[PDB]
Amino acid sequence: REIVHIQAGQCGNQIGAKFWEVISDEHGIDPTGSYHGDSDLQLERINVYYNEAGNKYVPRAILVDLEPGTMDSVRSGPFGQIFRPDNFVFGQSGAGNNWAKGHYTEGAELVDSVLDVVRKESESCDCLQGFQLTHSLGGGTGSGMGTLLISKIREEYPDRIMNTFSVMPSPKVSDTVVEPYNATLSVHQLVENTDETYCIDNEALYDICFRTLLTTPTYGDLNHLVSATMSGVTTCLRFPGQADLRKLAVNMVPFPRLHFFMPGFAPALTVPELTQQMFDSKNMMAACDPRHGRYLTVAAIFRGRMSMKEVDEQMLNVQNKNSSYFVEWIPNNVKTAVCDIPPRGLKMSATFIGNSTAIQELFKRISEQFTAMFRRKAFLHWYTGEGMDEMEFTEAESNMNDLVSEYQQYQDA
Amino acid sequence: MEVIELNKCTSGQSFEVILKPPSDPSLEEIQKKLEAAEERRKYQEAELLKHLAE
Amino acid sequence: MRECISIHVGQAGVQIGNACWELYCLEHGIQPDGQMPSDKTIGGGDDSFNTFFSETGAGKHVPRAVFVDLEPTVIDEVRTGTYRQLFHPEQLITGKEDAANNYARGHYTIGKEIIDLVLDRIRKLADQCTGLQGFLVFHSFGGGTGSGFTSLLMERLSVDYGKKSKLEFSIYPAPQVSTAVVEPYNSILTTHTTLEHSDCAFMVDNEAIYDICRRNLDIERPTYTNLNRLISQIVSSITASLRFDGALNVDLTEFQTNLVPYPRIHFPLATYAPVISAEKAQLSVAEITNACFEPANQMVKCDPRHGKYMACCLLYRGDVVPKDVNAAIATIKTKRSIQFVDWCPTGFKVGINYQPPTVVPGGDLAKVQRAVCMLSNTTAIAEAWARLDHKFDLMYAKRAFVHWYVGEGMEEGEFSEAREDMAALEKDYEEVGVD
Amino acid sequence: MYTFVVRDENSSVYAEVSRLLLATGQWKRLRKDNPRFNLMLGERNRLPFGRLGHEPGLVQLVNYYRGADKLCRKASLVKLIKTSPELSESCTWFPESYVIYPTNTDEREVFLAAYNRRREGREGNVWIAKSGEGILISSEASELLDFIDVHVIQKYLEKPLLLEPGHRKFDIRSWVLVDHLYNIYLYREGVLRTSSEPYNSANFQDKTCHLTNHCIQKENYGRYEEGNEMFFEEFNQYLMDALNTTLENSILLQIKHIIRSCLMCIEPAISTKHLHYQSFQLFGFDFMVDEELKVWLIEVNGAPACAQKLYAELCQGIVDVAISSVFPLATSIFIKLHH
Ligand SMILES: Nc1nc2c(ncn2[C@@H]2O[C@H](COP(=O)(O)OP(=O)(O)OP(=O)(O)O)[C@@H](O)[C@H]2O)c(=O)[nH]1
Ligand SMILES: Nc1ncnc2c1ncn2[C@@H]1O[C@H](COP(=O)(O)OP(=O)(O)CP(=O)(O)O)[C@@H](O)[C@H]1O
Ligand SMILES: CO[C@H]1C[C@H]2CC[C@@H](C1)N2c1c(-c2c(F)cc(F)cc2F)c(Cl)nc2ncnn12
Ligand SMILES: Nc1nc2c(ncn2[C@@H]2O[C@H](COP(=O)(O)OP(=O)(O)O)[C@@H](O)[C@H]2O)c(=O)[nH]1
Ligand SMILES: [Mg+2]
Ligand SMILES: [Mg+2]
Ligand SMILES: [Mg+2]
């Protein structure tokens, strides 16, 4: 049950670095790779994410970018020195916020070097369950090169699970003009080539930091929020709970294309309070309102020492009081796991994973920005200038519009 | 209300009470189905790899 | 002496297997080292317990059992548990990645690659058998391995050992202790394929056991350990007639002969009393016998009052005499709603073993002087099929999760084919128990 | 808050029960196929009892007792009374009945045997056949048995109590509610469904005079009382003025005894006391009163309608004792029949 982790682009590597920072603490590994933990429960599944060297643990992580900047930043602050130096794969050109450059030109010359690193990590896996990618869909490297990586990994490992933590464009906050192009072209790829995609939105992350939780939030704050979630959704995989990526996907994904998840996190709060918080919209990290759709499936993970009989009461309560928001035709679609080791600084926490048709609002929002620009062919020449054809845009748009109508179909069924 | 077939032993005993009277595929067929499914898998992977090569 | 081979498939089958063989060892005075002081035959003997244990020259008693799982997490615990030395490594078989709660993945993709290895290990056990009665198959309905590989195995066992009898102990899926949404699919798929290969199947619903554990042993959130400890008691009661000197159900074929007048309707309901918490600080023969007709003590929650009996067996352990049983039956026959099919006599087959039920030290079940397990073939158990078929219909109408099965090489037709068979089964039960 | 579903729309009683639950504000009506409810107002036929009581964390309740049909079908009731030790054929309050099957388990021969013992002794030999349509009242078994074209042949009550003025027969309907604890509650308000035509012993051909169904009677009507519905206050006053007796003494004691006998007979067969789901149900009992003021059971309705005047009160009674006793909210109208 080994997982190979890839992070691509600036957002991808910043979030990925924070993730390893967090779970290394949980497994009690220090910035040199040495284990200094109090419990042996920390190392029973440590192989899922780490290689053994020797008394030193090394993340099975591959760091990718088209410019050396962010990679250097990763290497600087701790836990920067835990990563295998030959697992840093970077170019020098950058992608200029251009999906085409990441996917077709600049990215293509770098992609073989990544696959060699992927291949070498995979061969030291006794039985690779699959891959996880952390990236953003707005820019050029994480979006363009990231989806290229996914496609080429699928070609060489067609029977392995591919999961992504994908940062999606925000409803109102953007710093990239060509973002709707990069995102729509990425989604097209994601729909076909990933098994599960966790949708992360920066605006939502900021509002949580700014309101609920800490004035003047920075990217470090948002990245820490994502890491907490990433720690949460992967708790079952690296601790003793039965279980693996494929078993998770089988129970979360009733329809192959509808595999985009809305993650959530909570929080001296009590169980009943934890439960009602993690279901609240403001605790959602994907800026979609669950109250605008219905849940196909839901996975909740509770961490810490707590009354598990009480937890099941709370889980059932909430569904019973909101049975309108869960599909009737998928019996027992709400599941719950509990892990006794809590995250750090918290007595207990809860992680929410919803497969909700409300996520269609995200894609129809992406779609309406995309079509606004593409109808006038605005900024299109930067993409066709890298060799792309207009038809590839029309296809990406049509596919995502198709995705939206499918969510609507099952929302009403 | 009858009791019959009272067998008895060291270990224990058994009996019957009556309250009222009344009034496969071959190993080849399995192999064929397992291989047909394997072929449908092979075909599906072939299409994916063809699609990816394109 | 006619031997019995036990096969434990998937997580549920293996973990229950652990509880059963632990309990077996306690009942026969076999230690975790495998030595049996009371057995003065050494490296030999024809005794009744020999049907479940073979013997080595060093006086080690070894279970006639195979443990098989498609991933190693569960069986590795056996390999390193208290009773580890009881098994030879041959016996424990593991794959490296499981069926992911996918019947198709367990039956087709992974089943094809491990079926031969499993049969060869079983063959090794059969080779050590002078006379072989058949197999006892432990598995869940809901797991990928439990559903998918078991059904494959059952077909192959029918080929390799056509004469031999096959008995299932099957775990019915319950949402309270289940993490899989696709269990309804796996259950009716494995039931369809395994139906003509099973002579008698004992279904246990995790919902019933969960509740018996909460309300009778005062456990707020039962664990698998709690559930399996209880399940092993029911299983022990059912298999005790094979491991001990007796005249009722001594050979696997008696089960079908006594409990199953119809081949397809081979799912007897089990009921067990008394269940009392060890903590808490007794029940007469008539009281535990009457308890057997209470829905709350059944392995499957259903209402026999609105169904018809085809056969009934009472299995007593501990202090019980025949006249008391006859007396209790008479008073129950008056009060409670018991009806039998017209073509069957309204009667009971009764077995009594003097050895009282045994209990694992530090467990939750307090020792009982007298205990009884009732096995009855009632049409009321069909309630469990209808429940399961309804959940199946809800999801299959939208083809939810179906792509996971087609992607492993299964055809969409097998879904409908299986569902149709279940529908026929439901009708069979209606024709027999309803007028 | 609680949730419920509606299986059968055509139910007048539980349509009213439906509105009053919604009105309370603390009850949500889910779609009929949604299996996450606490209350189920179910269909009249092939209700899926087998699926009830298996949703975790949901106390489920249904408005029907599984197996109550033993009481509520006319062939079933006859078989039940004849074969139950409790009734023991010691049922002096049920008309001599027989189960006949069309020639197209039967007791057609014993019926003729009793019919002929009667005609040897010149005893009144009028019978009624049943299973608005499908009933024939004849003084001869031949006319009864050529209706053979499952049925019940029942001894016709040739000396019914007849209301004055009018010389007219009538039927009494009692509403009985059994809760989840199998408490038996008798609605204090009964109704008398009257014939508007004088009774005639010579002519059974014109069925309407003989029968009392509100359906047949509908089609003089409403002349003596509105909609041929006399309620208990008037009837009790009539009994006092005409026969120098009361409804409680002359009739109600017998009614309570019969209701008790029937429901206690089937209690071990249908009780949900120790089940995973629980049942309540409303029944309509139909009685006829002869001239010697003896009460006879005619039929038990499992799915009864109410009288328009009383639809308000009874449906509120159901919500109070049968539903709110399981699902509490944020001068009883029932008489409790003890065991
Ligand atoms: N009673 C009982 N039920 C169990 C146990 N383990 C799992 N189950 C039930 O079995 C179903 C899951 O099947 P498993 O037996 O875990 O699956 P498996 O056979 O290992 O299948 P894969 O893991 O998919 O290869 C769920 O309904 C669980 O509730 C157990 O130890 N005891
Ligand atoms: N033995 C008997 N003697 C005299 N009258 C009788 C009788 N049996 C039935 N009746 C009359 O038949 C009428 C209707 O019979 P019954 O009630 O069985 O029909 P039904 O079942 O279709 C209407 P419901 O179901 O509401 O009672 C009653 O009003 C009663 O007056
Ligand atoms: C339009 O520009 C966007 C990109 C850059 C520049 C401004 C701001 C928003 N933003 C941020 C944010 C930030 C924020 F403040 C509010 C918000 F809703 C989401 C964010 F991601 C943070 Cl949290 N940390 C930052 N560090 C460097 N920029 N930067
Ligand atoms: N959450 C988060 N977002 C970031 C971070 N750095 C950049 N981003 C955002 O990512 C989006 C662009 O994607 P980016 O990764 O920078 O482009 P790429 O390097 O070509 O993949 C912009 O909206 C940035 O604001 C970070 O550290 N955390
Ligand atoms: Mg950049
Ligand atoms: Mg398993
Ligand atoms: Mg009627």
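Respectively, the protein sequence lines represent chains G, D, A and B.
Take 1 as the starting number for the first sequence in this note's numbering and just add one per residue.
Take 414 as the starting number for the second sequence in this note's numbering and just add one per residue.
Take 468 as the starting number for the third sequence in this note's numbering and just add one per residue.
Take 903 as the starting number for the fourth sequence in this note's numbering and just add one per residue.
Ideal Cβ placement from N, Cα and C applies to all residues, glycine included.
Chain D contact for residue i (CB, 9 angstroms cutoff)
i        : result
G/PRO180 : no
G/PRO256 : no
A/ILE796 : yes
Sequence-distant residues of its chain with Cβ nearer than 6 angstroms to residue i (five each side left out)
i        : result
G/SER349 : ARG303, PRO343
B/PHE951 : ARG968
G/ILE46  : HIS27
B/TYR904 : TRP929, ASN940, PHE1229
Local Cβ density within 10 Å of residue i, reported as buried at 16 or more and exposed below that
i                      : result
D/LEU419               : exposed
A/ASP506               : buried
B/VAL1012              : exposed
A/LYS630               : exposed
G/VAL177               : exposed
A/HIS606               : buried
B/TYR1123              : exposed
B/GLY927               : exposed
residue 859 of chain B : Since the first residue of chain B shown is 903 and the last is 1241, residue 859 of chain B is not available in this structure.
Minimum Cβ-Cβ distance from residue i to chain A less than 9 angstroms
i        : result
D/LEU465 : no
G/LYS347 : no
G/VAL89  : no
Beta carbon proximity, residue i to chain G, threshold 9 angstroms
i         : result
B/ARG938  : yes
D/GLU458  : yes
B/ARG921  : no
A/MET862  : yes
B/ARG1125 : no
B/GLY927  : no
B/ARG933  : yes
B/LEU941  : no
D/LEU447  : no
Neighbour flag for residue i against chain B, beta carbons, 9 angstroms
i        : result
G/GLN319 : yes
A/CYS759 : no
G/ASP312 : yes
Contacts around residue i, its chain only, beta-carbon distance under 7 angstroms, and the 5 residues preceding and following it disregarded
i                       : result
residue 1252 of chain B : Since the first residue shown for chain B is 903 and the last is 1241, residue 1252 of chain B is missing from the structure and cannot be characterised.
A/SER618                : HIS574, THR657, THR660, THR661
B/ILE1172               : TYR967, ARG968, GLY969, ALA970
A/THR523                : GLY510, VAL529
Three-pair Cβ contact test at 8 angstroms for the stretch 312 to 324 of chain G versus the stretch 254 to 269 of chain G
no
Contact between the stretch 980 to 995 of chain B and the stretch 1153 to 1172 of chain B is defined here as three or more beta-carbon pairs at a separation below 8 angstroms; is this criterion met?
yes
Chain-ordered residues, beta carbon under 6 angstroms from a heavy atom of ligand 2:
B/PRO997, B/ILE1030, B/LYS1032, B/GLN1056, B/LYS1057, B/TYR1058, B/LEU1059, B/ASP1073, B/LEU1113, B/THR1114, B/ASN1115, B/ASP1188, B/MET1190, B/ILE1200, B/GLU1201, B/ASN1203
Do the stretch 797 to 805 of chain A and the stretch 880 to 893 of chain A meet, that is, are 3 or more Cβ pairs less than 8 angstroms apart?
no
Given 8 angstroms, three or more beta-carbon pairs between the stretch 696 to 705 of chain A and the stretch 810 to 817 of chain A:
no
Closer than 6 angstroms between the C-beta and any heavy atom of ligand 3: which residues qualify, listed along the chain?
G/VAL173, G/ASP175, G/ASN202, G/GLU203, G/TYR206, G/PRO217, G/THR218, G/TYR219, G/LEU222
Pocket of ligand 6 defined by Cβ to heavy atom distance under 5 angstroms
A/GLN478, A/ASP565
Across the stretch 31 to 44 of chain G and the stretch 95 to 103 of chain G, are there enough close Cβ pairs to call them in contact, namely three or more that are closer than 8 angstroms?
no
Check whether the stretch 845 to 858 of chain A and the stretch 762 to 773 of chain A touch, using three or more Cβ-Cβ pairs below 8 angstroms as the test.
yes
Any chance the stretch 66 to 81 of chain G sits against the stretch 7 to 14 of chain G, with 3 or more Cβ pairs inside 8 angstroms?
yes
Pick out every residue whose C-beta is nearer than 6 angstroms to a heavy atom of ligand 5: which are they, in chain order?
G/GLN10, G/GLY139
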